[PDB]
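Consider the single chain below, provided in structure tokens and representing the form deposited in one PDB entry.
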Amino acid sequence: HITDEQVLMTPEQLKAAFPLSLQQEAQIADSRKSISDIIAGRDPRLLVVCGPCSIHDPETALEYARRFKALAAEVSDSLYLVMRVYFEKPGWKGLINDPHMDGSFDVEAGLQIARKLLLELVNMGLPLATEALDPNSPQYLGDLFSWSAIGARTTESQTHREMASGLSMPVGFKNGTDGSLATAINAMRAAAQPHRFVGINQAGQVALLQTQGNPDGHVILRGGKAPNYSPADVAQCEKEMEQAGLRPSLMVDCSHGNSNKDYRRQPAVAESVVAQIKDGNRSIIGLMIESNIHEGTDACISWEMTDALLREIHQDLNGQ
């Protein structure tokens, strides 16, 4: 049986408690537009989604964000840095479903703390990236992010392509865990179309939502059974995107698939992408980097390696 039934704080109440200013909303809109122009090929800068493997402390996230902002101010001519703020990953639930780390599962406090942290990060003038797992979480925090990613077992799910068609931000779809590009391509094509699904409204009520569709989409080359960052795999992805009637636009993830979840191989992947760009590649739009304060249960690279790698990429991409 069900014993207690206590209403959760609605997205309206949450956004009223922790509100965006008009300036911050304009900044988020500008960053969304810039990322979408990068994806579309109208902006020469390379998109770089980089950040912690997962966020489980606001103070660690703020220190990483200060270092990240200081670095972005120095590589802003060639690279466009976006910080991924990943709370819940697909034990402990990750600061939103359990902010007290004691199984209490205080979801109201978790939502408030996450929104406060994201508001502080946006106030620093930092575009944010996320990976939507809960289809209803973009109703609570989606107004704070400038870029979203759709996952492996999440891409083929139709609920998530509908939610992606409902999102307001540029969006990258990851290929299949078996390396299937067709799933990502089809999710990208379907997210560009209007959709009608069952979600929640801003009053926290179950509702029927209608979506125009998301025209700002791209593929995330994540690697499956084998890495797919080589020029041959990139050309095959371009071929499949052209056959599907889409403009070749892909982001290479230096993380889990293309490095076998090993930290030492991420800079090599980034350097291969840079070399491909030097040889005239036109489809590679961005990179994805998992990087925490220290090296080392995901294998995220150290901050010293992140600084060195982004400096090398910035220094090598000058001619273009």
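Residue indices: 1-based, along the sequence shown. Here, rigid core means the biggest group of C-alpha atoms that superpose within 1.5 Å across both forms.
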Deposited residues missing from the model between residue 296 and residue 297 number 10 or more
Deposited residues missing from the model between residue 90 and residue 91 number 4 to 9
Comparing mean C-alpha B factor in the record for 192 to 200 and 152 to 160, the higher one is 152 to 160
For 74 to 82 versus 112 to 120, entry-based mean Cα B-factors point to 74 to 82
Based on the PDB entry, the highest CA temperature factor among the options 228, 137, 214, 180 is that of 180
Entry record, C-alpha B-factors for 170, 127, 224, 142; the maximum is at 224
Of the three thirds of the chain ranked by Cα temperature factor, residue 174 occupies the middle
For residue 313, the third of its chain by CA B-factor is the middle
Of the three thirds of the chain ranked by Cα temperature factor, residue 218 occupies the lowest
So, residue 66's CA B-factor, relative to its chain, sits in which third? The lowest
Residue 107: C-alpha B-factor third of its chain, per the entry, is the lowest
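The discussion below concerns the form deposited in another entry, not included here.
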Out of 236, 123, 159, 212, the position with Cα displaced 2 angstroms or more between this form and the one not shown on rigid-core fit is 159
Working note: in that other deposited form the C-alpha atoms of residue 33 and residue 158, off by 3 Å or more, come farther
In that other deposited form the CA atoms of residue 158 and residue 241, compared with here and shifted by at least 3 Å, lie farther
